[PDB]
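What follows is a single structure, written as C-alpha cells, with notes after it.
Order of appearance sets the numbers: ligands from 1, and atoms from 1 within every ligand. One is the number of the first residue; the rest follow in order along the sequence.
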Amino acid sequence: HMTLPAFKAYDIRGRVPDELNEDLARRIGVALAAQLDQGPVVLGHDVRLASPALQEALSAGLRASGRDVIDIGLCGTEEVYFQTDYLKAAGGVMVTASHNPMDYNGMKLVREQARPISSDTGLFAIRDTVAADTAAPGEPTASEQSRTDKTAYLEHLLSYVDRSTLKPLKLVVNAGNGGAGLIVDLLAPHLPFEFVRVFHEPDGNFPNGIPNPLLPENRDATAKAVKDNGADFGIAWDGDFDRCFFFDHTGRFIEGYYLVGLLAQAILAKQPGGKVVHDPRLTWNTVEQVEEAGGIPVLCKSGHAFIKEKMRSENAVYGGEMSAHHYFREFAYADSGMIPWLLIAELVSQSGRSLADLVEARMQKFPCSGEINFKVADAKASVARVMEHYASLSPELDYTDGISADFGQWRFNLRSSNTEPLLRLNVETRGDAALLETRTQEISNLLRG
Ligand SMILES: O=P(O)(O)C[C@H]1O[C@H](CO)[C@@H](O)[C@H](O)[C@@H]1F
Ligand SMILES: [Mg+2]
C-alpha cells in the first residue's frame, strides 16, 4: 500500500481492521471537520455489528475538533442525507458496508445540503490528512446530541403521494435483514397497503445472506413471497436501503432501466415541464417516456455525484439511473429507496394497471441486455477490439460515459467502472430481441478475445 486502500472514488470502503478501524475513523472525523463549512455534523449507521463503534470514533474525532455531532442512530443512508439537509448541517457521514463481506465496513460522506464528498471533491484531501496525522487524539470540546425523531423524514416521504388516492394494495417487503423494515413499519400506520414482510428484522449477522436483491438466490425469496401471497408487487432493498428493487405480480424482477422512465412519468404528472436526468448506459426508453410526459430529458454521466450536480445545475425534479438509484430534487437532490416504491404504489392505485402492465410494452419496445461485466486482461485493448470491429457500420459515437455507439436499430454503452476494475456492457434495440442477442454475444466474444 502506498495510499490508504479504503479511500475509493465515492466513499470509504475497507476490511476491518487493517483497512478501516476506530483509529482511522477518529482521524477521519478530525480531517472532516477541517473540510466542512461551519456547523454540526450528522452521523448515522447501518445494521453491521461494527458500525456503531466506527460511528462513535467518528464522533470523538469530530468533537475533539470542536464540531457538534447530531447522532441520528441506526438509519438508512438516505436519512443521513435528509437530516444533513433538513437540519442545515455542515455535513454528514453514514457508516455503511453496503454489501461488502462481513469483515468489511465503510462510510459515505456529505457536506452542506448533502452534497457528495468524493475523491476529487474532498475525499482524497481527507485521505491525505488522515495519512499524515500522527497527532495525539485531542479531547472533546463539543457535544453530541441524539436525535432519533424521524417525523420530518417520514412526513417528507409521504408528501410525494396523495394518500387519499392510495388503494389497499398487497405489497411484499423484503429488507434482507437490512434497515428498510424499520422505515416500512413507521410508514404503515399512514398507508392502506397490506404488507407481507420477508427477512424483515434487522440482523447484522445476516442469517439469510448479505442484502443484495440482484443475486438470483436473494431475488427469488421476494419473487416467491409475491407469487405465494398474490401480492400486487414486491420491493426489496439493499442493507442501507438507498437502493430498491421491484417485482411485479408474476414474481418477475423488473430491470432497473424501466423504472427510470416509469418514475419519471409518475413525477412529471405532478411537476409538468420538468427536467429529468438519466445516465448514458440505457437511454432510448427514458428519453421517450420523459418526452411523452411533457418532460425534458437531460443526459448525464453515470455516477451519483455527476447525476446530483447535473440535477442541481438544471433544476431537474428527478434523476434516475438504471442501477437502482433514484434522486429527487425535493429530497436534497439525494437518492432514496423509499420514495420510488411510494410513487409506484400511487401509480398502480390511480391507474388501475398492474406494475407488470405499466412496464410490459416498454420492455418489448426497448429490450436491453442488462448490465454485463467483464474482467479482462487489458480493458483498453478490449474496447479497441470492439470499436475496430464495428467501425465499418459508421455508428454515431458519444463519449459522455465511456463509449456510446448508436447504430440506428441498436446501441450499446461500454464503460470502465469507477468503483471496480471492470468493463460494463449495456445493449438495447428498437423492439428486436433477436438483434439484441446476436449483438450482445458478438460484443462479448470481442471483449473476451
Ligand atoms: O461501478 P460504477 O458503474 O462505476 C458505480 C456504481 O456506484 C455508483 C454510486 O453509488 C452509482 O451512482 C452507479 O450508477 C453505479 F451503480
Ligand atoms: Mg446502498
Side-chain angles (χ1 to χ4, degrees), residues 8-13 44-48 51 75-81 93-100 104-110 114-121 123 174-180 183 206 210-215 218 235-245 255-257 259-260 277-283 286 299-311 319-328 333-340 370-374 379 400-404 413-417 419-426:
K8 314 294 182 189
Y10 297 134
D11 54 16
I12 297 167
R13 223 143 38 97
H45 61 263
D46 74 354
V47 302
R48 301 290 190 113
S51 295
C75 66
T77 293
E78 76 191 64
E79 300 179 72
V80 165
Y81 300 156
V93 189
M94 176 73 180
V95 175
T96 177
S98 164
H99 68 283
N100 267 141
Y104 275 69
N105 214 319
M107 314 174 174
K108 311 199 174 198
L109 291 67
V110 304
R115 299 168 175 271
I117 297 173
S118 316
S119 58
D120 70 309
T121 59
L123 200 51
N174 187 345
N177 307 107
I183 303 311
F206 294 127
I210 275 152
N212 186 353
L214 293 180
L215 289 207
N218 306 326
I235 311 118
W237 297 263
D238 64 350
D240 60 357
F241 57 98
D242 52 5
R243 288 191 298 150
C244 51
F245 302 86
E255 160 69 40
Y257 174 34
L259 269 301
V260 180
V277 176
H278 63 87
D279 69 62
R281 299 183 281 197
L282 287 169
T283 60
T286 297
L299 173 92
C300 181
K301 193 163 198 181
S302 78
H304 81 100
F306 296 94
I307 296 279
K308 281 165 183 161
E309 59 172 353
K310 177 71 68 169
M311 281 177 77
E321 308 187 272
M322 63 162 297
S323 55
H325 305 289
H326 301 268
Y327 314 84
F328 302 85
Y333 287 98
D335 45 332
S336 165
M338 291 289 159
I339 297 168
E371 199 167 74
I372 305 167
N373 299 305
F374 298 83
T400 301
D401 203 355
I403 312 187
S404 285
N413 174 267
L414 183 56
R415 292 170 59 237
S416 300
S417 159
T419 68
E420 300 194 60
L422 291 159
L423 283 172
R424 306 191 179 269
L425 179 62
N426 286 274

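Every atom of ligand 1 with a heavy atom of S323 under 4.0 Å away is listed here by number and element: 13 (C), 14 (O), 15 (C), 16 (F). Of all atoms in ligand 1, listed by their number and element, those nearer than 4.0 Å to a heavy atom of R424 are 1 (O), 3 (O). When each atom of ligand 1 is checked for a heavy atom of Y327 under 4.0 Å away, the hits are 12 (O). Ligand 1 places these atoms under 4.0 Å from at least one heavy atom of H304: 9 (C), 12 (O).
Note that CG of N105 is 7.0 Å distant from OG1 of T96, once rounded to the nearest 0.5 Å. One finds the CD1 atom of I210 at 11.0 Å from the CG atom of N177 (value rounded to the nearest 0.5 Å). The line from CG of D401 to CG of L414 is 10.5 Å long, rounded to the nearest 0.5 Å.
You'll find the side chain of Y333 stays beyond 4.5 Å of the side chain of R115, heavy atoms only.
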>> Go through it in stages, so that I can follow the logic: the residues are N100 and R13, the test is side chain to side chain contact (heavy atoms under 4.5 Å, CB included), and I'd like the CA-CA distance, side-chain angles, deciding distance and then a yes or no.
In response: CA-CA 8 Å; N100 267 141; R13 223 143 38 97; 3.3 Å; yes
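With hydrogens and angles ignored, the 3.5 Å screen pairs no side-chain donor or acceptor of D46 with any backbone N or O of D240.
Proximity of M322 to ligand 1 is not established, as no heavy-atom distance is less than 4.0 Å. For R281, the closest heavy-atom approach to ligand 1 falls below 4.0 Å. Heavy-atom separations between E420 and ligand 1 are all 4.0 Å or longer.
Rounded to 10°, the angle formed at the Mg ion (ligand 2) by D242 OD1 and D238 OD2 is 90°.
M94 approaches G76 most closely through the heavy-atom pair CE-C, 3.8 Å. Across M322 and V260, no two heavy atoms sit closer than the pair N-CG2, 4.1 Å.
Of the candidates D335, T77, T419, it is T419 that places a heavy atom closest to atom 5 (C) of ligand 1.
For the Mg ion (ligand 2), the nearest N, O or S atom contributed by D240 is named OD1.
Proximity of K301 to ligand 1, defined as any heavy-atom pair under 4.0 Å, is not found for any part of the residue.
Residue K108 places no N or O, backbone or side chain, under 3.5 Å from any N or O of ligand 1. Considering backbone and side-chain atoms together, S302 places no N or O closer than 3.5 Å to any N or O of ligand 1. Considering backbone and side-chain atoms together, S416 places no N or O closer than 3.5 Å to any N or O of ligand 1.
Cation-pi geometry between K308 and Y10 is not met: the NZ or CZ atom fails to fall both under 6.0 Å from the ring centre and inside 45° of the normal.
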